[PDB]
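Following: one structure in structure tokens, then a few remarks.
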Amino acid sequence: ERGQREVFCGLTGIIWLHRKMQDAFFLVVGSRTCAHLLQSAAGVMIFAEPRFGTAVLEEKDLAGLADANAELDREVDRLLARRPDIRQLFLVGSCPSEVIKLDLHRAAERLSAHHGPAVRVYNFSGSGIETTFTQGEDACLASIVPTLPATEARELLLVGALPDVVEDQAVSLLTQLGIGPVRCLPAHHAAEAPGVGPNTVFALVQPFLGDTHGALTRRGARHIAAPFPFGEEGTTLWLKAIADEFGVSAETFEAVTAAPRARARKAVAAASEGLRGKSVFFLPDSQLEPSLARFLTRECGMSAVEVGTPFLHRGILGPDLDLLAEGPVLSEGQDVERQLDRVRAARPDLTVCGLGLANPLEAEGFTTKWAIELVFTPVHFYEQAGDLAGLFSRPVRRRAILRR
Amino acid sequence: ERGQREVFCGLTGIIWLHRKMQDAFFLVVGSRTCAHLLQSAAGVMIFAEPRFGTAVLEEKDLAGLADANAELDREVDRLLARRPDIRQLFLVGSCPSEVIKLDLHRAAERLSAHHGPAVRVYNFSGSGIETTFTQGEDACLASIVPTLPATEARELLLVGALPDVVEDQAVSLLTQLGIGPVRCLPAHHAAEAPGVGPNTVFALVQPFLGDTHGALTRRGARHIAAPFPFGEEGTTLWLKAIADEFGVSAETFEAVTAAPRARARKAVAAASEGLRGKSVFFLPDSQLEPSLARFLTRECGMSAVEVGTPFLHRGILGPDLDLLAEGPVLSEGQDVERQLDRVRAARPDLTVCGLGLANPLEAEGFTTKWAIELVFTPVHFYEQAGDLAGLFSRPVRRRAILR
Amino acid sequence: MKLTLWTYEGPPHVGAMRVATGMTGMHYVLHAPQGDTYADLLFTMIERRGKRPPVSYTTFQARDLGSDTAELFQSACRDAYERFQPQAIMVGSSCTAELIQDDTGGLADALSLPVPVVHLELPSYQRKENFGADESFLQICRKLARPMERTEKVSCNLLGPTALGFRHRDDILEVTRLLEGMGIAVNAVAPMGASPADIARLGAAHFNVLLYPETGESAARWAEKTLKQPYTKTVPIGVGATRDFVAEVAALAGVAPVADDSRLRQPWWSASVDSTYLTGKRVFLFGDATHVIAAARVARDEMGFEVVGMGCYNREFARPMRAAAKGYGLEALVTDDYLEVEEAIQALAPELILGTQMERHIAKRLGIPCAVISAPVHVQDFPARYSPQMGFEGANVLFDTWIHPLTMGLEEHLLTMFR
Amino acid sequence: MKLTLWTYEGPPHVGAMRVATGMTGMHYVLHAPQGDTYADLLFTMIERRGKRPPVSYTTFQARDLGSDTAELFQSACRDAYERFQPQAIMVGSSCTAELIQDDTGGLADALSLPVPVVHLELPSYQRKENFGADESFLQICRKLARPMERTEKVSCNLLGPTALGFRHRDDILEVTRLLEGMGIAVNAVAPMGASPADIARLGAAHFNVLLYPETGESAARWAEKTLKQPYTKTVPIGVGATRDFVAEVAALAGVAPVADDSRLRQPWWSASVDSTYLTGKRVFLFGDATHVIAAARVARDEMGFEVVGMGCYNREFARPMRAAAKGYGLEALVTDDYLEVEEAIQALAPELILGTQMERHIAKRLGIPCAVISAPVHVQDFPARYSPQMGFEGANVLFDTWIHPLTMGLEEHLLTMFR
Ligand code: SF4
Ligand code: SF4
Ligand SMILES: [Cu+2]
Ligand SMILES: [Cu+2]
């Protein structure tokens, strides 16, 4: 359905990306609208002096690619004058930049010619007409990929921006598996960037990284499709796929992973007290909805009436969809009025929808969770499975039983 | 002269004394009224776990004198177990403790006997039946005096409890002048208690240490009668009178005190712009009124109309009274209603009164400045002379601004 | 004997002084030692009163002991009458005056003052400030309130608001607007904004509204017995409590229950997704029993908080306190020692503390979000702005006040994470 | 290409969006790229609105260009008419749609929708969100407001209040109370409480009351030319400006002034001895020009502060900002860049800062007491409680809010010295 879509442009991906890449500054070439969106979705981070700025396109900047590119070079040089700490610059494309047809790929090359050893300028497009929400993150990662050095050693490879605690616990469990040194593409600094080659088979931690998956396939790396680490079972099958690819014995794997699986099961059971026998609706927000529905329906016992995804990458999400029950209705494309009528008719007990839609549905009487929190808060692996379960346990439906 | 006296019991000075003596606890044998007064006057201090508390009396405590004494003994034991850092316990009296005839002298001797010498238990009265406001500080110092060790040395005693920065300025200026030993009677710790002998000579800093003056005179100490160190001229004359007792000549005095005098005069002039040519009314709160009305009249150019003090100690305030102009009338008798009528008739430009009288006078149309701040804030010596002038200036500045 | 540093309640004469200060034309000639004038600063500073508390003190000294004390008291009462010209006199004693054997009421009667003289018998050593206020309001009602023909229209009495009370001024206005919206006029508000003339007309009200039981329960019961005036048992703090108060007041008055929820935003703002993190926040509650019970009901029913602590310092309301605490599954902490409250908070580690200014200072040293709900407060806590704790606007104020510490803590925590 | 991290104003389409969500029956059909719907979150969370903003987006992509993108615009306006069924439709374009060559007005005429359709040509790159709101309100007034018979009784229009505005709801309520106390009813409140019918009735008011010039001055100057409705030049923030507003409103209406002072508390609580330390405290001010100009007068003439910094981010009010700052012996900081205001604060080193939310965060990093006085705010700066900044109760709220940081800093310093 082609209608109004209440989803974020991919410049929102910058907001959580720069927290993982402490060496990278993201410069957005956009209008006042893009800067306003970036600051609104950042919230307090913009008060915390973060590493994203918007080179605002002025009226004189609209006419003339050479003039606008010269002013862009001026601003970039001024920024590295202020910020010699950062070595990575991302010339994030934006909707007005695309309409101007201001080539930012060329600009990245020119700035790399200027101060390449000092700063490595990458380039991707977070524009709304091109990219939606976490597609900004995966576009940034896919931009990073081609420049990455080649390696000739088979190493375990992790793709996706994760909190440092989640990344540490993930690599910890991968190490207790015993086989396969780990590496993460969104490296905190460009110095510790990974080497990507045909031998390094890569595992994707977050579903929406489809462009990054394609870019890694161009490098020769093959993908091990697996259900993403949301909850105990998804994390278990993710680690099991990784272990099978690296030939870890089944009994050894079960023995090493039993304790965190038991803790995650206890935590999800404790959190999912009011979740059993409940109906959950998903609006297209963050491409996490398929794995979200899998986790909720299986571990939490919450039947999914409709799973809405802005872009469904069937090839990578195949194991997760296989884990998902036949009952949930996966839908592609977003018409906000059609999906609003659908949630109104279905009368879901919980609706995981956008923040611009969350409060209206609460006013109408629908319990709503906003999925924008999910990309922020740690919701991956066992140690956060309980928090992930409780996040849907009380986005009301624990407050509804308290307010009403 | 006799009537409603809007003052505080001397249990209020306990708040300053616990700040100035860090090893001293002030146990108040009083009722819930005295504990409520202590917490209300402390304000924020009670939330910082101060070193003063009230042993609230019960009906069985009033009925049984021996029972009350035994319970007080148990309370003191529990206090010292709870706070071993205390080295001197101050069993302060109160209005009920006086009415019950709870002799705190006997309790002090007994507890000094059993808890000696780790904790020294002195007895003084903060009862408003006997004392008033700063008379609590005076009673505490006069209770300290008799237990001081005897000395044969010629030592100067800086009697009075002062803010640490003000005391530091005092000792620095004195040492620059050329005097000998300087000690402070409200010592920070019990180990630093000064010695008093026939050769000991003491100087009063605050214009309410009359009983301390008498207690030190009984021990053979001699008073350096000087104008109290308020403002540039007050500090100058204080140090000059100490110098005349110590042989410091005019040359060294002017080579030492010229710079602080010169800067203090400028600070007072800058901070007393609106005070010049304005009348000031003093109501009896803290006995600071004459020695500070002198500062306001001479330095700030104020025309004092009436100076009210709880009671004059003309002996120790003699020089400061001499520096007063003949114009202001001075009152030692306090009837708050008659004094408020006098304030209404005079229509002063500024009215230094108590905290209770402040807001009603402001609503009637009189600018007021509470004298409690004067005791709490550092307003002594040279550096704070500008602060002293600005304390009285800012009410007038606010009144001019707000209208 | 007990070493006390902080008292939740003052001596009873402070409560009687609150009753006198709230009332107009009422004077308290208190037999007190010199230096007991201290509580005038409470009314002039904490509440910012532009008029000095209508209290005369004898301020006797050591010289004025024995025979001189009675003469000093008599002169104080007669001079207070000559000067202030009050329409009724309260005579009372301090702790010191209770210790000495002067009979305050006997002396006051011997003076034969033209205006009614109220004898105050407040045991100072066994009782406290709220008893003083309650008993003073009682005796004033007994002396002046008499059976009176009821108003032709339905009328009400707001009983309880005394000076130095936590947001009594704004609560009066909110409850007045509620009753006027119902169609019920307020006959008289007492002790605040009352006169001996108004205490005379207290018998003209069809029913009583006990906003503050702590300072008005005795008067409400006395009016029930003599003046035949039933009093509301519901305190309208919080949406649920305000609606129960609406129903009860409408039943007593005989008018249809009508309340204005148009400006009420607490329910929607708690139902909003922004308030979702409030679900399950453990809260400790302390202070005066009425406020603690009301705030516990508000927290649990309307805020999503789980009450893990509940207590009061009024032993006069221990039974209501324990009964309310049983509803939440806990044992009420009925104590007057701030050390016991601190121990309970430390052993309990609440996420948010709602209480007095003592509890607002225990939280800071423990780094706990805090807000003030009860009577012991500072000058800052008395606001210039309209800050009711009753009614629907009071519910909005409660929401904002209770959420502000949590919002601040979350914002500073996020700032620290973002470095 | 200036590197922008914080913008004090959004794009003009955001202000037009505030105008749209203010009214009922007015839908904003925005030509915008997919992902430009972020500003719906502002209304649903910042202001905590129950209903979705009346905004319909085209949300075009790269596959839809040329004939397609125009077709999506047609479909969006038609769908808005069919399912949202608004009484008026207003059509605009975002930055990206401004670049692409699609005429927003022409396609709306091509639809020939029965409801009136206003086209707002808002320069996205030249102008900002306050101009967007002002021009949107002006276009709505031009299309719907027509000359009409004056109301029988004296009535006024509250011009300026919009959604996402700072304290606009409570200020509406307070000014309404002040006018009803004055005998002037409120004909309409536009656009926060208005509708196409109310915008039509805007011409019936005897005079307009320009509550917020930032969003209402264009409509006021048009209604002073087409509807012959003079507007009040003074904004009633603070006691003095409230009296000035009462005087001008009485002069325009012809009614007696009749200002209700009984609940005023700012004068006394500022004249009390607890506010003596406020004298001479230096205050830095930034924000929208109206609020800064009013708050400077409040801080100087009513609170004893000295103003050391006076500025606005709203360059439209550069002449009024500079003229006001000249009266305080200052040069107005008319800048849209927050680093400039940061430099000004660091150079001046004020004792209190009164500004927007970035001003508050700058103060918090610098450890200066801060209160929020201007439009750019958070969800926390939209209270549930009645918090007007305008009128006499607004004066009390102003006093409490500006004094709270100073009181909390003083108390913290005292505790630090004590412990
Ligand atoms: S990138 Fe496009 S959709 Fe996103 S904020 Fe900028 S203009 Fe709007
Ligand atoms: S005057 Fe007496 S009873 Fe009153 S507080 Fe002082 S010591 Fe206690
Ligand atoms: Cu705070
Ligand atoms: Cu705060």
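Chain A is the first sequence line, chain B the second, and so forth, proteins listed ahead of strands; every chain is numbered from 1.
Proximity of a side-chain donor or acceptor of C/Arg385 to a complementary backbone N or O of D/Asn396 within less than 3.5 Å is not detected. Checked by atom type and distance alone, the side chain of C/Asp198 pairs as donor or acceptor with a backbone atom of C/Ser195 at under 3.5 Å. The backbone N or O of B/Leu37 lies less than 3.5 Å from no partner atom in the side chain of B/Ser40, so there is not a single donor-acceptor pair. The backbone N or O of C/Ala194 lies less than 3.5 Å from a partner atom in the side chain of C/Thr24, making a donor-acceptor pair. When atom types are taken as modelled, the side chain of C/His206 and the backbone of C/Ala253 share no donor-acceptor pair closer than 3.5 angstrom. When atom types are taken as modelled, the side chain of D/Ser272 and the backbone of D/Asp274 share a donor-acceptor pair closer than 3.5 angstrom. B/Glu6 contributes no side-chain N or O that, together with a main-chain N or O of B/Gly354, makes up a donor-acceptor pair within less than 3.5 Å. In this structure, the side chain of B/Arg338 does not engage the main chain of B/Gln334 through any donor-acceptor pair within 3.5 Å. Formation of a donor-acceptor pair under 3.5 Å by the C/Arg315 side chain with backbone atoms of C/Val334 is found in this model. Between the side chain of C/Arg150 and the backbone N or O of C/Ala204, no donor-acceptor pair lies under 3.5 Å.
For the atom pair B/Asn359 CG and D/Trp268 CH2, the distance stands at 4.0 Å (nearest 0.5 Å). Within the model, atoms CG of C/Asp260 and CZ of C/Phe392 stand 8.5 Å from one another, a figure rounded to the nearest 0.5 Å. Taking CD of C/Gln34 as the reference point, atom CG of C/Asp64 lies at 9.5 Å (rounded to 0.5 Å). Interatomic distance, C/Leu227 CG to C/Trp222 CH2, rounded to the nearest 0.5 Å: 4.5 Å. Here the CG-CD distance, from C/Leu264 to C/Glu393, works out to 9.0 Å after rounding to the nearest 0.5 Å. To the nearest 0.5 Å, atom CE of residue C/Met90 and atom OG of residue C/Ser136 are 4.5 Å apart.
Of all heavy-atom pairs between C/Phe166 and C/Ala375, the closest is CB-CA, 3.8 Å. What you find for C/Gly160 and C/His168 is that their closest heavy atoms are O-CE1, 4.1 Å. Minimum interatomic distance between C/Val377 and C/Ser374 (heavy atoms only, all atoms of both residues): CG1-O, 3.2 Å. Shown here for C/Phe245 and C/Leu178, the closest heavy-atom pair between the two residues is CE2-CD1, 4.1 Å. The minimum heavy-atom distance between B/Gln39 and C/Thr7, with the atom names listed, is OE1-N, 2.7 Å. The shortest heavy-atom contact between C/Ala163 and C/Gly22 is CB-N, 3.7 Å.
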Taking only distance into account, with no hydrogens and no angle test, what donor-acceptor pairs under 3.5 Å do side-chain atoms of residues 179-192 of chain C form with protein atoms, sequence neighbours excluded?
{"from": "C/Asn187", "atom 1": "OD1", "to": "C/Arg201", "atom 2": "NH1", "distance (Å)": "3.1"}
{"from": "C/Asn187", "atom 1": "ND2", "to": "C/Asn157", "atom 2": "OD1", "distance (Å)": "3.0"}
{"from": "C/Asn187", "atom 1": "ND2", "to": "C/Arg201", "atom 2": "O", "distance (Å)": "3.0"}

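Side-chain contact check for C/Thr58 and C/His31: at least one donor-acceptor pair (N or O, by modelled atom type) lies under 3.5 Å. Counting only N and O atoms by type, the side chains of C/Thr37 and B/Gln4 include no donor and acceptor under 3.5 Å apart. For the residue pair C/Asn130 / C/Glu9, a side-chain donor-acceptor distance below 3.5 Å is found, with atom types taken as modelled. For C/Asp170 and C/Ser387, the side-chain atoms include no donor-acceptor pair closer than 3.5 Å. When only modelled atom types and interatomic distance are considered, C/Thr96 and C/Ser94 share no side-chain donor-acceptor pair under 3.5 Å. In summary, the side chains of B/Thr351 and B/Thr368 do not present any donor paired with an acceptor at a separation below 3.5 Å, with no hydrogens or angles considered. Side-chain atoms of C/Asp288 and C/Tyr212 form no donor-acceptor pair, as typed in the model, at a separation below 3.5 Å. Remark: the B/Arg5 side chain and the C/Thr59 side chain contain no N/O donor-acceptor pair separated by less than 3.5 Å.
A cation-pi arrangement, defined by a distance under 6.0 Å to the six-membered ring centre and an angle within 45 degrees of its axis, is absent between C/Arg177 and D/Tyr386. Judged by the 6.0 Å distance and 45° axis criteria, C/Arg48 is not positioned over the aromatic ring of D/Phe399.
C/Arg319 CZ: 12 or fewer foreign heavy atoms inside a 6.0 Å radius. Within a 6.0 Å radius of CZ in B/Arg344, other residues, nucleotides and ligands contribute more than 12 heavy atoms. Applying the 6.0 Å contact sphere to CD of C/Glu82 captures more than 12 heavy atoms from other residues, nucleotides or ligands.
Taking a cutoff of 4.0 Å between a charged side-chain nitrogen and a carboxylate oxygen, C/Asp261 and C/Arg243 qualify as a salt bridge. Comment: C/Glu135 does not engage C/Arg127 in a salt bridge, judged by the lack of any side-chain N to carboxylate O separation of less than 4.0 angstrom. At a threshold of 4.0 Å, the pair C/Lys128-C/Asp336 counts as salt-bridged, since one of the basic side-chain nitrogens sits closer than that to a carboxylate oxygen. Electrostatic pairing of C/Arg297 and C/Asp244 counts as a salt bridge here, judged by a charged N lying under 4.0 Å from a carboxylate O. Using a 4.0 Å cut-off between a side-chain N of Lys or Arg and a carboxylate O of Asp or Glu, C/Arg221 and C/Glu217 qualify as a salt bridge.
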Show the numbers, then the answer: is there a ring-ring contact (aromatic ring centres under 6.0 Å, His included) between C/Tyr38 and B/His36?
CA-CA 9 Å; C/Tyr38 79 60; B/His36 193 236; 5.6 Å; yes
Which is it for B/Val343 and B/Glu364 under the side-chain contact (heavy atoms from CB on, under 4.5 Å) test, yes or no, and what are the steps along the way?
CA-CA 11 Å; B/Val343 161; B/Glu364 266 130 32; over 6 Å; no
Determine, step by step, whether C/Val14 and B/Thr33 satisfy the side-chain contact (heavy atoms from CB on, under 4.5 Å) criterion, reporting the C-alpha distance in whole Å, the side-chain angles of both residues, the deciding distance to 0.1 Å, and the verdict.
CA-CA 9 Å; C/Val14 171; B/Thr33 333; 5.8 Å; no
In sequence, state the C-alpha distance, the side-chain angles, and the governing distance for C/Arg78 and C/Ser75, and then conclude on side-chain contact (heavy atoms from CB on, under 4.5 Å).
CA-CA 5 Å; C/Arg78 55 173 78 101; C/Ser75 38; 3.7 Å; yes
Start with the C-alpha distance between C/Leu211 and C/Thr290, add both sets of side-chain angles, then the distance that settles side-chain contact (heavy atoms from CB on, under 4.5 Å), and finish with yes or no.
CA-CA 9 Å; C/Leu211 290 192; C/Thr290 293; over 6 Å; no
Let me see the working for C/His27 and C/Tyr81 under ring-ring contact (aromatic ring centres under 6.0 Å, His included), right down to the final yes or no.
CA-CA 8 Å; C/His27 211 87; C/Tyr81 181 77; 9.9 Å; no
Check against salt bridge (charged side-chain N to carboxylate O under 4.0 Å, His left out), B/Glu337 and C/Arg52:
CA-CA 11 Å; B/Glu337 309 293 331; C/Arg52 214 171 43 121; 2.5 Å; yes
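For the side-chain contact (heavy atoms from CB on, under 4.5 Å) criterion with C/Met390, the lone passing option out of C/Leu173, C/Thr242, C/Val235 is C/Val235. Remark: of the listed residues C/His291, C/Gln357, C/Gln380, C/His378, C/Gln357 is the sole one forming a side-chain contact (heavy atoms from CB on, under 4.5 Å) with C/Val372.
Residues passing the salt bridge (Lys or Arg N to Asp or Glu O under 4.0 Å) test with C/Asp102: none are found, sequence neighbours excluded.
In this structure, the side chains of C/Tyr313 and C/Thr356 come closer than 4.5 Å at one or more pairs of heavy atoms.
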